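Trainee: Input file: my_file34.txt. Contents: compact mmCIF, C-alpha atoms.
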# COMPACT_ATOMS: atom_id res chain seq x y z
CA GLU A 22 -26.61 3.56 -17.10
CA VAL A 23 -25.12 0.68 -14.73
CA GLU A 24 -27.50 -1.71 -12.74
CA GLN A 25 -25.97 -4.71 -14.57
CA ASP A 26 -23.00 -6.82 -13.47
CA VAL A 27 -20.25 -6.84 -16.10
CA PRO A 28 -17.76 -9.57 -14.82
CA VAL A 29 -14.71 -10.82 -16.69
CA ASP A 30 -12.13 -13.68 -15.89
CA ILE A 31 -9.32 -14.98 -14.62
CA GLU A 32 -9.93 -18.22 -16.75
CA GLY A 33 -8.84 -21.41 -14.87
CA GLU A 34 -5.07 -21.51 -15.67
CA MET A 53 5.58 -27.04 -13.37
CA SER A 54 5.57 -23.22 -14.29
CA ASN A 55 6.41 -20.59 -12.74
CA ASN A 56 6.95 -17.72 -15.23
CA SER A 57 9.45 -16.07 -12.84
CA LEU A 58 12.69 -14.43 -14.00
CA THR A 59 14.66 -14.60 -10.63
CA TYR A 60 14.10 -14.80 -6.78
CA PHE A 61 14.85 -14.13 -3.07
CA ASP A 62 14.61 -16.78 -0.38
CA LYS A 63 16.57 -15.48 2.57
CA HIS A 64 13.39 -15.33 4.67
CA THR A 65 12.83 -18.33 7.08
CA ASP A 66 9.07 -17.38 7.47
CA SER A 67 6.54 -15.10 5.64
CA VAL A 68 7.71 -12.01 3.65
CA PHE A 69 5.52 -9.26 5.21
CA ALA A 70 6.88 -5.97 4.04
CA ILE A 71 8.28 -5.03 0.65
CA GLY A 72 9.94 -1.71 -0.17
CA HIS A 73 12.13 -0.15 -2.87
CA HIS A 74 14.63 2.71 -3.09
CA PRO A 75 13.44 5.73 -5.10
CA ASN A 76 16.60 5.90 -7.25
CA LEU A 77 18.73 2.84 -6.53
CA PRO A 78 17.82 -0.69 -7.83
CA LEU A 79 17.73 -1.77 -4.16
CA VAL A 80 14.85 -3.87 -2.78
CA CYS A 81 13.98 -4.28 0.83
CA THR A 82 12.07 -7.23 2.28
CA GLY A 83 10.66 -7.48 5.83
CA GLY A 84 9.64 -10.73 7.44
CA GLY A 85 8.15 -13.19 9.90
CA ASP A 86 11.78 -14.13 10.80
CA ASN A 87 12.37 -10.71 12.54
CA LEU A 88 14.68 -9.59 9.71
CA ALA A 89 14.88 -7.09 6.92
CA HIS A 90 16.99 -8.07 3.93
CA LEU A 91 18.43 -5.87 1.18
CA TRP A 92 19.03 -7.09 -2.37
CA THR A 93 19.13 -5.92 -5.99
CA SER A 94 16.27 -5.76 -8.51
CA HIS A 95 18.52 -5.37 -11.58
CA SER A 96 20.42 -8.64 -11.32
CA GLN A 97 19.36 -12.22 -12.26
CA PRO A 98 20.10 -13.58 -9.60
CA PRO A 99 19.52 -10.67 -7.10
CA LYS A 100 22.78 -9.28 -5.58
CA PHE A 101 22.48 -9.68 -1.73
CA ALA A 102 23.15 -6.29 -0.03
CA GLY A 103 22.90 -7.27 3.62
CA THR A 104 20.60 -7.87 6.55
CA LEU A 105 19.13 -5.25 8.80
CA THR A 106 18.86 -6.57 12.41
CA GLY A 107 17.36 -5.47 15.75
CA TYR A 108 13.70 -6.40 15.27
CA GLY A 109 11.76 -7.67 18.26
CA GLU A 110 9.07 -9.28 16.02
CA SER A 111 7.88 -9.41 12.37
CA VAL A 112 9.15 -6.56 10.16
CA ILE A 113 5.84 -5.23 8.93
CA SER A 114 7.24 -2.15 6.96
CA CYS A 115 10.21 -1.35 4.66
CA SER A 116 9.90 2.28 3.59
CA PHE A 117 12.59 4.45 1.95
CA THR A 118 12.68 8.26 2.14
CA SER A 119 11.61 10.41 -0.78
CA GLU A 120 15.25 11.57 -1.58
CA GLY A 121 16.58 8.06 -0.76
CA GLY A 122 19.24 8.31 1.90
CA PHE A 123 17.24 6.89 4.81
CA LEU A 124 15.37 3.62 5.33
CA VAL A 125 12.55 3.44 7.87
CA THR A 126 11.78 -0.08 9.26
CA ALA A 127 8.97 -1.12 11.60
CA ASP A 128 8.04 -4.30 13.45
CA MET A 129 5.05 -5.77 15.33
CA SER A 130 6.71 -5.10 18.76
CA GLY A 131 6.53 -1.36 18.12
CA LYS A 132 10.24 -1.03 17.15
CA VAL A 133 11.07 1.54 14.37
CA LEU A 134 14.57 1.64 12.84
CA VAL A 135 16.38 4.29 10.75
CA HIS A 136 19.17 3.21 8.48
CA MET A 137 21.27 5.87 6.72
CA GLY A 138 22.43 5.34 3.15
CA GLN A 139 26.21 5.28 3.32
CA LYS A 140 28.94 4.76 0.64
CA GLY A 141 26.74 5.47 -2.40
CA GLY A 142 23.77 3.55 -0.99
CA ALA A 143 25.65 0.27 -0.65
CA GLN A 144 26.09 0.33 3.17
CA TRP A 145 23.02 1.21 5.37
CA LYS A 146 24.39 2.11 8.90
CA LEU A 147 21.82 2.12 11.79
CA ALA A 148 21.23 5.82 12.47
CA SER A 149 18.48 5.76 15.16
CA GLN A 150 15.56 3.71 16.57
CA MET A 151 12.54 3.88 18.95
CA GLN A 152 9.93 1.60 20.71
CA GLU A 153 7.04 4.05 21.31
CA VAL A 154 4.16 1.57 20.94
CA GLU A 155 3.28 -2.08 21.73
CA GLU A 156 2.70 -2.88 18.03
CA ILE A 157 2.87 -0.85 14.82
CA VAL A 158 0.00 -1.56 12.38
CA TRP A 159 1.56 0.34 9.41
CA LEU A 160 4.27 2.89 8.57
CA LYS A 161 4.69 4.79 5.30
CA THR A 162 7.22 7.53 4.34
CA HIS A 163 6.30 10.86 2.68
CA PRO A 164 6.03 10.40 -1.09
CA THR A 165 7.42 13.83 -1.90
CA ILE A 166 8.61 15.51 1.33
CA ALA A 167 12.21 14.39 2.02
CA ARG A 168 13.25 12.50 5.25
CA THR A 169 9.63 12.23 6.59
CA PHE A 170 7.54 9.21 7.85
CA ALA A 171 4.41 8.33 9.89
CA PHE A 172 3.06 5.23 11.65
CA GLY A 173 -0.09 3.94 13.39
CA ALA A 174 -0.38 1.58 16.41
CA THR A 175 -2.74 -0.99 18.04
CA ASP A 176 -3.69 1.65 20.74
CA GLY A 177 -4.94 3.98 17.92
CA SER A 178 -2.05 6.40 18.26
CA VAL A 179 -0.79 8.28 15.23
CA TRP A 180 2.90 9.34 15.12
CA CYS A 181 4.79 11.52 12.68
CA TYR A 182 8.55 11.82 12.57
CA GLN A 183 11.29 13.48 10.62
CA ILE A 184 14.84 12.28 10.06
CA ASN A 185 17.74 14.73 10.53
CA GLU A 186 19.73 14.92 7.24
CA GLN A 187 23.16 15.06 9.04
CA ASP A 188 23.16 11.92 11.29
CA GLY A 189 19.64 10.44 11.12
CA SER A 190 18.49 11.47 14.62
CA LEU A 191 14.73 11.17 15.15
CA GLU A 192 12.47 14.24 15.33
CA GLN A 193 8.84 13.77 16.63
CA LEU A 194 6.18 16.06 15.01
CA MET A 195 2.99 14.69 16.60
CA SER A 196 1.93 11.82 18.86
CA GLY A 197 -1.91 11.77 18.60
CA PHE A 198 -3.97 9.35 20.73
CA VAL A 199 -7.32 10.19 19.09
CA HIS A 200 -8.44 6.74 17.75
CA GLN A 201 -10.14 4.31 20.19
CA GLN A 202 -9.43 0.95 18.43
CA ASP A 203 -6.25 0.09 16.49
CA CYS A 204 -5.17 2.68 13.93
CA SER A 205 -5.55 0.49 10.82
CA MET A 206 -3.96 2.54 7.97
CA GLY A 207 -2.92 6.09 6.96
CA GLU A 208 -1.87 8.03 3.85
CA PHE A 209 -0.21 11.37 3.30
CA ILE A 210 -2.30 14.03 1.35
CA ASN A 211 -1.68 17.41 -0.36
CA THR A 212 1.73 15.97 -1.30
CA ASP A 213 2.11 18.10 -4.42
CA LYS A 214 1.03 21.21 -2.43
CA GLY A 215 4.51 21.90 -0.90
CA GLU A 216 7.14 20.80 1.70
CA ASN A 217 5.65 23.00 4.51
CA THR A 218 2.24 21.31 4.00
CA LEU A 219 2.41 17.96 5.81
CA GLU A 220 -1.01 16.46 5.84
CA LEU A 221 -1.94 12.94 6.95
CA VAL A 222 -5.23 10.99 7.00
CA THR A 223 -5.52 7.99 9.42
CA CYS A 224 -8.33 5.42 10.00
CA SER A 225 -9.39 3.01 12.81
CA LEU A 226 -11.68 0.10 13.81
CA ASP A 227 -13.85 2.40 16.00
CA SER A 228 -15.14 3.62 12.58
CA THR A 229 -13.10 6.86 12.90
CA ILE A 230 -11.15 8.86 10.23
CA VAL A 231 -8.99 11.87 11.22
CA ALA A 232 -6.93 14.33 9.10
CA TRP A 233 -3.99 16.02 10.81
CA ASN A 234 -1.52 18.89 10.34
CA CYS A 235 1.51 16.76 11.15
CA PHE A 236 3.44 19.83 12.27
CA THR A 237 0.87 21.48 14.65
CA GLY A 238 -0.46 17.96 15.41
CA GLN A 239 -4.14 19.01 15.58
CA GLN A 240 -7.21 17.22 14.10
CA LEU A 241 -8.15 19.06 10.88
CA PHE A 242 -11.41 17.02 10.86
CA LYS A 243 -12.68 13.77 12.52
CA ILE A 244 -15.35 11.50 10.88
CA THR A 245 -17.20 9.30 13.39
CA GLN A 246 -20.10 6.77 13.10
CA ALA A 247 -22.52 9.76 13.31
CA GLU A 248 -21.33 11.33 9.96
CA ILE A 249 -21.88 8.00 8.10
CA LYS A 250 -25.69 7.26 8.48
CA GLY A 251 -24.91 5.97 12.04
CA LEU A 252 -23.38 2.74 10.48
CA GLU A 253 -20.71 0.68 12.37
CA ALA A 254 -17.71 0.67 9.94
CA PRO A 255 -14.26 -0.60 11.20
CA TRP A 256 -11.88 0.89 8.63
CA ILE A 257 -9.08 -1.05 6.89
CA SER A 258 -7.70 0.69 3.74
CA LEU A 259 -7.09 4.26 2.46
CA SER A 260 -5.95 5.52 -0.99
CA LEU A 261 -5.23 9.03 -2.29
CA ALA A 262 -6.68 10.00 -5.65
CA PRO A 263 -4.03 11.75 -7.82
CA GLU A 264 -4.71 15.43 -9.08
CA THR A 265 -5.54 13.92 -12.59
CA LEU A 266 -9.11 12.57 -11.58
CA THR A 267 -9.93 15.44 -9.08
CA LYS A 268 -8.66 18.44 -11.18
CA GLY A 269 -6.35 19.98 -8.55
CA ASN A 270 -7.82 18.26 -5.47
CA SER A 271 -4.75 16.83 -3.81
CA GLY A 272 -6.98 15.59 -0.93
CA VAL A 273 -9.36 12.97 -2.26
CA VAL A 274 -9.19 9.75 -0.15
CA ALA A 275 -10.99 6.37 -0.65
CA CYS A 276 -11.76 4.41 2.56
CA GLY A 277 -12.91 0.82 2.81
CA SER A 278 -14.29 -1.02 5.88
CA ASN A 279 -13.93 -4.65 7.03
CA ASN A 280 -17.75 -5.05 6.42
CA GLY A 281 -18.02 -3.66 2.83
CA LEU A 282 -18.64 0.06 3.27
CA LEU A 283 -16.78 2.30 0.78
CA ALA A 284 -16.37 6.05 1.59
CA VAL A 285 -14.77 8.72 -0.65
CA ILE A 286 -13.77 11.91 1.23
CA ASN A 287 -12.90 15.53 0.26
CA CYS A 288 -10.13 16.08 2.84
CA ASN A 289 -9.92 19.68 1.69
CA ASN A 290 -13.60 20.43 2.50
CA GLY A 291 -13.47 19.05 6.06
CA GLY A 292 -13.83 15.39 5.09
CA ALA A 293 -17.04 15.88 3.03
CA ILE A 294 -18.49 12.47 1.95
CA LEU A 295 -18.48 12.49 -1.91
CA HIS A 296 -19.61 8.84 -2.07
CA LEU A 297 -20.79 6.35 0.61
CA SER A 298 -21.97 2.87 -0.35
CA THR A 299 -21.83 -0.86 0.42
CA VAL A 300 -19.85 -2.58 -2.32
CA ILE A 301 -21.42 -6.05 -2.17
CA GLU A 302 -24.82 -7.06 -0.87
CA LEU A 303 -23.69 -10.20 1.15
CA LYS A 304 -25.90 -13.31 1.54
CA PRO A 305 -27.15 -14.19 5.17
CA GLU A 306 -24.75 -17.24 5.34
CA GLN A 307 -21.65 -15.48 3.78
CA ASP A 308 -18.92 -14.33 6.24
CA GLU A 309 -19.54 -10.61 7.11
CA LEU A 310 -15.73 -10.31 6.71
CA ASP A 311 -15.92 -11.44 2.97
CA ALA A 312 -17.11 -7.87 2.20
CA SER A 313 -13.75 -6.47 3.66
CA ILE A 314 -12.21 -3.95 1.30
CA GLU A 315 -8.63 -5.24 1.60
CA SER A 316 -7.04 -2.86 -1.03
CA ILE A 317 -7.84 0.35 -3.02
CA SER A 318 -6.14 1.90 -6.11
CA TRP A 319 -6.73 4.68 -8.69
CA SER A 320 -5.78 4.83 -12.38
CA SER A 321 -3.98 8.13 -12.58
CA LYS A 322 -4.21 7.91 -16.41
CA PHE A 323 -7.89 6.84 -16.61
CA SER A 324 -10.39 8.02 -13.88
CA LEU A 325 -11.13 4.57 -12.39
CA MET A 326 -10.95 3.20 -8.82
CA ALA A 327 -10.44 -0.56 -8.23
CA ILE A 328 -11.35 -2.10 -4.81
CA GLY A 329 -10.36 -5.62 -3.73
CA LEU A 330 -12.35 -7.80 -1.33
CA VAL A 331 -11.68 -10.83 0.90
CA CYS A 332 -14.34 -12.71 -1.24
CA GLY A 333 -11.85 -12.28 -4.13
CA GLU A 334 -13.98 -9.71 -5.92
CA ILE A 335 -12.37 -6.71 -7.65
CA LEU A 336 -14.78 -3.84 -8.34
CA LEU A 337 -13.44 -1.44 -10.95
CA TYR A 338 -15.34 1.89 -10.62
CA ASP A 339 -15.61 4.77 -13.08
CA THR A 340 -14.59 7.66 -10.73
CA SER A 341 -16.96 10.18 -12.46
CA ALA A 342 -20.25 8.22 -12.42
CA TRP A 343 -19.27 6.30 -9.26
CA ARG A 344 -20.62 3.10 -10.90
CA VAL A 345 -18.98 -0.35 -11.31
CA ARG A 346 -17.44 -0.79 -14.82
CA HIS A 347 -16.20 -4.38 -14.42
CA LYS A 348 -16.42 -6.91 -11.59
CA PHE A 349 -13.68 -9.58 -11.30
CA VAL A 350 -13.90 -12.71 -9.25
CA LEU A 351 -10.67 -14.44 -8.08
CA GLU A 352 -10.31 -17.90 -6.57
CA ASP A 353 -9.20 -16.45 -3.22
CA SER A 354 -8.80 -13.16 -1.28
CA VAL A 355 -7.41 -10.03 -2.97
CA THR A 356 -4.31 -8.90 -1.08
CA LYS A 357 -3.18 -5.73 -2.99
CA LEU A 358 -4.51 -3.75 -5.98
CA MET A 359 -2.12 -1.54 -7.95
CA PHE A 360 -2.73 0.45 -11.15
CA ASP A 361 0.26 1.06 -13.44
CA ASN A 362 -0.12 2.95 -16.67
CA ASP A 363 -3.15 1.24 -18.52
CA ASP A 364 -3.02 -1.83 -16.36
CA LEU A 365 -4.50 -3.11 -13.09
CA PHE A 366 -2.38 -5.54 -10.99
CA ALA A 367 -3.80 -7.90 -8.40
CA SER A 368 -2.11 -10.13 -5.82
CA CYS A 369 -4.32 -12.95 -4.64
CA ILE A 370 -3.83 -15.28 -1.60
CA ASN A 371 -3.76 -18.24 -4.06
CA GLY A 372 -0.18 -17.13 -4.96
CA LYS A 373 -0.96 -15.44 -8.25
CA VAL A 374 -0.33 -11.86 -9.34
CA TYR A 375 -2.91 -10.99 -12.10
CA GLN A 376 -2.53 -8.25 -14.84
CA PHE A 377 -5.63 -6.59 -16.46
CA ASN A 378 -6.45 -3.92 -19.05
CA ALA A 379 -8.13 -1.27 -16.76
CA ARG A 380 -9.67 0.20 -19.95
CA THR A 381 -11.01 -3.20 -21.35
CA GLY A 382 -11.00 -5.78 -18.46
CA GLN A 383 -8.97 -8.27 -20.59
CA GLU A 384 -6.67 -10.57 -18.53
CA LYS A 385 -3.26 -9.56 -20.02
CA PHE A 386 -0.95 -11.85 -17.98
CA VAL A 387 -0.76 -13.97 -14.77
CA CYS A 388 2.29 -14.23 -12.50
CA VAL A 389 2.69 -17.83 -11.36
CA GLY A 390 5.16 -19.74 -9.22
CA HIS A 391 4.21 -19.10 -5.57
CA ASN A 392 2.64 -22.15 -3.86
CA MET A 393 1.51 -19.88 -0.97
CA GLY A 394 -0.28 -16.48 -0.92
CA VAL A 395 1.25 -13.26 -2.41
CA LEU A 396 0.91 -10.78 0.50
CA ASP A 397 2.37 -7.68 -1.20
CA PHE A 398 4.07 -6.44 -4.39
CA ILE A 399 6.11 -3.75 -6.16
CA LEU A 400 6.28 -2.47 -9.75
CA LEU A 401 9.62 -1.82 -11.24
CA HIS A 402 10.28 0.27 -14.27
CA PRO A 403 12.98 0.31 -16.90
CA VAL A 404 14.68 3.68 -16.11
CA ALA A 405 16.36 3.87 -19.54
CA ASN A 406 14.55 4.69 -22.71
CA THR A 407 17.66 5.58 -24.75
CA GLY A 408 15.72 3.89 -27.62
CA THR A 409 14.95 0.31 -26.39
CA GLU A 410 12.09 0.16 -23.88
CA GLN A 411 12.34 -2.94 -21.63
CA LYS A 412 9.55 -4.70 -19.64
CA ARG A 413 8.07 -3.60 -16.34
CA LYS A 414 8.90 -5.90 -13.37
CA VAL A 415 6.65 -7.41 -10.60
CA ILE A 416 8.42 -8.25 -7.26
CA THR A 417 6.25 -10.04 -4.64
CA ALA A 418 6.15 -10.69 -0.85
CA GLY A 419 5.42 -14.41 -0.39
CA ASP A 420 3.57 -16.05 2.52
CA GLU A 421 6.23 -18.79 2.13
CA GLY A 422 9.04 -16.24 2.59
CA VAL A 423 10.09 -15.96 -1.05
CA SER A 424 10.17 -12.98 -3.32
CA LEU A 425 9.77 -13.59 -7.06
CA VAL A 426 10.60 -11.36 -10.02
CA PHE A 427 8.33 -11.30 -13.10
CA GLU A 428 8.84 -9.58 -16.43
CA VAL A 429 5.32 -8.30 -17.32
CA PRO A 430 3.95 -7.19 -20.77
CA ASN A 431 4.60 -3.51 -22.03
Go through the file and emit its structure as structure tokens.

Mentor:
Amino acid sequence: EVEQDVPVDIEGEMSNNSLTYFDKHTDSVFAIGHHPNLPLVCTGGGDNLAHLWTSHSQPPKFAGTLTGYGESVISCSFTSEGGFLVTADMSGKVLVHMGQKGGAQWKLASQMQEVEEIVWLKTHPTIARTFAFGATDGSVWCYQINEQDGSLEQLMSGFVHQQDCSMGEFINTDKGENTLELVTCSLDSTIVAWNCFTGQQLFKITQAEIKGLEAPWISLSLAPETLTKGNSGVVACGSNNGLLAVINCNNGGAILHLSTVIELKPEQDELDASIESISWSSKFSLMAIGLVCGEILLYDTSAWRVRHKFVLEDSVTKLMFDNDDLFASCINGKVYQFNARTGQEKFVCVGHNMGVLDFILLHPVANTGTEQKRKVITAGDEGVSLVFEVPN
């Protein structure tokens, strides 16, 4: 089997292939979110603002501005049932907006300023009115939103991590609404799983459990039940120095795989090995990992061997699998589309003259007969969101 590099390209290629856009941001578009059911987009930004606008219209229909941020809005996250909108900035402010008048108006329900800076905040993918966030002090917080008014409800407030709590992901999502599990990571090379309700550490991986190795963590990704066969707790972790760990959250964080992704040169920035994004093909049993050096390493989840390597002109910012395809946002300003199965560069989103920091994948809800194109909405370093019709 695999010992040989199998790279593809990314061939070297005013245009602009964009469909429509959003330029209300007067600095970088940091966060990008979308309503579960409504065609409502939410952008966060370097301008201390969160803007709402429609995905369905060319040009987007402007739905208003959410205000009260003390710094850069670094997270726009909707609730599972879509009737609440969690917002979080780099001054530690969190804001809850309640979907009013059919989801048109978004009244400010509640807010908090529990930390000095939030590093990330996601909402529960299945469990209604639930969210969690991590701070620069390494604290992990989990809250619930009251269905009536939108009053906050704290579940846990764990100060386990030593460095900044880098990222987190909910697990065992499909395993009920009374089963709130969350995995968080930090720069002190620590990974902890928690029972959001009780608030206690299920398990805690330290430097000791990983061959002693110093590994400041940066990204986490949950493997869907379709490449685990019922294991709703398989998480992929990637360090800032190239270490990739795959954990069995259900067997006390058992290390299924632990390896360096790239063998860096002496000269090469130690950072260039940073695993900036992780994603799994739900359909296919593959696991793409994106590096600062612009390398994408598509793994076969069974063998745990690299299928295809991809080199980009700049840093990978976000990897996202959709159906048969692999999408990649690069700091050059391009969003790239690949055939996960084959490696074949399907399409390239062009237009941004500054890095694409984040993205979303929109789907044609209606297959009454005619099946429209999937959409790609981006978060631009320039403070512009672009809409792209993408093949299939």

Trainee: Got a sec: who's within 6 Å of range 238-253 of chain A, counting only C-alpha atoms, leaving out chain neighbours fewer than 2 positions off, as a PyMOL selection string?

Mentor: chain A and resi 195+228-236+291

Trainee: As a ChimeraX atom specification, please: the residues near residue 102 in chain A (cut-off 9 Å, all atoms listed in the file, same-chain neighbours under 2 positions excluded).

Mentor: /A:79,90-93,100,104,143-144

Trainee: Show which residues sit within 10 Å of residue 303 in chain A, as a short mmCIF file (atom, residue, chain, number, x, y, z; two decimals) with C-alpha atoms, in the coordinates of the input. Count only C-alpha atoms, and ignore same-chain residues fewer than 3 positions away.

Mentor:
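Contents of out_35.cif, freshly written:
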data_model
loop_
_atom_site.label_atom_id
_atom_site.label_comp_id
_atom_site.auth_asym_id
_atom_site.auth_seq_id
_atom_site.Cartn_x
_atom_site.Cartn_y
_atom_site.Cartn_z
CA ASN A 280 -17.75 -5.05 6.42
CA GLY A 281 -18.02 -3.66 2.83
CA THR A 299 -21.83 -0.86 0.42
CA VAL A 300 -19.85 -2.58 -2.32
CA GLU A 306 -24.75 -17.24 5.34
CA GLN A 307 -21.65 -15.48 3.78
CA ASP A 308 -18.92 -14.33 6.24
CA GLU A 309 -19.54 -10.61 7.11
CA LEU A 310 -15.73 -10.31 6.71
CA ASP A 311 -15.92 -11.44 2.97
CA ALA A 312 -17.11 -7.87 2.20
CA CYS A 332 -14.34 -12.71 -1.24
#

Trainee: Within 8 Å of (14.2, -6.9, 4.1), only C-alpha atoms: residues as a ChimeraX atom specification?

Mentor: /A:70-72,80-84,88-91,104-105,112,115

Trainee: Might you pull out every residue within 7 Å of residue 64 in chain A, with all atoms listed in the file counted and same-chain residues fewer than 6 positions away left off, and present them as a ChimeraX atom specification?

Mentor: /A:84,86,422-423

Trainee: Take the point (18.0, 4.6, 1.1) in the file's coordinates, draw a sphere of radius 7 Å around it, and report as a PyMOL selection string every protein, DNA or RNA residue with an atom inside or on it, counting all atoms listed in the file.

Mentor: chain A and resi 74+117-118+121-124+137-138+142

Trainee: Suppose we keep C-alpha atoms; can you now write the selection as a PDB file, in the coordinates of the input?

Mentor:
ATOM      1  CA  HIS A  74      14.630   2.710  -3.090  1.00  0.00           C
ATOM      2  CA  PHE A 117      12.590   4.450   1.950  1.00  0.00           C
ATOM      3  CA  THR A 118      12.680   8.260   2.140  1.00  0.00           C
ATOM      4  CA  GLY A 121      16.580   8.060  -0.760  1.00  0.00           C
ATOM      5  CA  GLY A 122      19.240   8.310   1.900  1.00  0.00           C
ATOM      6  CA  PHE A 123      17.240   6.890   4.810  1.00  0.00           C
ATOM      7  CA  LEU A 124      15.370   3.620   5.330  1.00  0.00           C
ATOM      8  CA  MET A 137      21.270   5.870   6.720  1.00  0.00           C
ATOM      9  CA  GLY A 138      22.430   5.340   3.150  1.00  0.00           C
ATOM     10  CA  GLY A 142      23.770   3.550  -0.990  1.00  0.00           C
TER      11      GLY A 142
END

Trainee: One decimal, Å: what's the distance from CA of residue 329 in chain A over to CA of residue 315 in chain A, could you say?

Mentor: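 One can read the CA of residue 329 in chain A to CA of residue 315 in chain A distance as 5.6 Å.
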
Trainee: Find, counting only C-alpha atoms, the residue in A:55, A:411, A:205, A:378 that gets nearest to residue 259 in chain A.

Mentor: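 For residue 259 in chain A, the nearest of the given residues is A:205.
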
Trainee: Considering all atoms listed in the file, can you say which of A:170, A:69, A:60, A:101 comes closest to residue 128 in chain A?

Mentor: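 Among the listed residues, A:69 lies closest to residue 128 in chain A.
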
Trainee: For a test of reading the model, state the distance in Å between CA of residue 381 in chain A and CA of residue 57 in chain A, rounded to one decimal.

Mentor: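 If I compute the distance from CA of residue 381 in chain A to CA of residue 57 in chain A, I get 25.6 Å.
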
Trainee: Do you have the CA of residue 377 in chain A-CA of residue 361 in chain A distance handy?

Mentor: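 So the two atoms, CA of residue 377 in chain A and CA of residue 361 in chain A, lie 10.1 Å apart.
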
Trainee: Nearest residue to residue 322 in chain A out of A:394, A:215, A:277, A:263, using only C-alpha atoms?

Mentor: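 Of all the options, A:263 lies closest to residue 322 in chain A.
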
Trainee: Check the smallest atom-to-atom distance from each of A:209, A:356, A:218, A:147 to residue 189 in chain A using all atoms listed in the file, then report the winner.

Mentor: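 So, comparing all the options, the nearest one is A:147.
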
Trainee: Measuring between only C-alpha atoms, which one of A:395, A:181, A:262, A:125 shows the shortest distance to residue 219 in chain A?

Mentor: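 Nearest to residue 219 in chain A: A:181.
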
Trainee: In terms of the shortest atom-to-atom distance over all atoms listed in the file, which of A:212, A:298, A:376, A:25 is closest to residue 284 in chain A?

Mentor: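 Among the listed residues, the smallest separation from residue 284 in chain A belongs to A:298.
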
Trainee: With a distance cut-off of 10 Å and only C-alpha atoms, select the neighbouring residues of residue 431 in chain A, excluding the residue or stretch itself and same-chain residues fewer than 3 positions from it, and output the selection as a list in words.

Mentor: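 The residues that qualify are residues 362, 363, 364, 410, 411, 412, 413, 414 and 428 of chain A.
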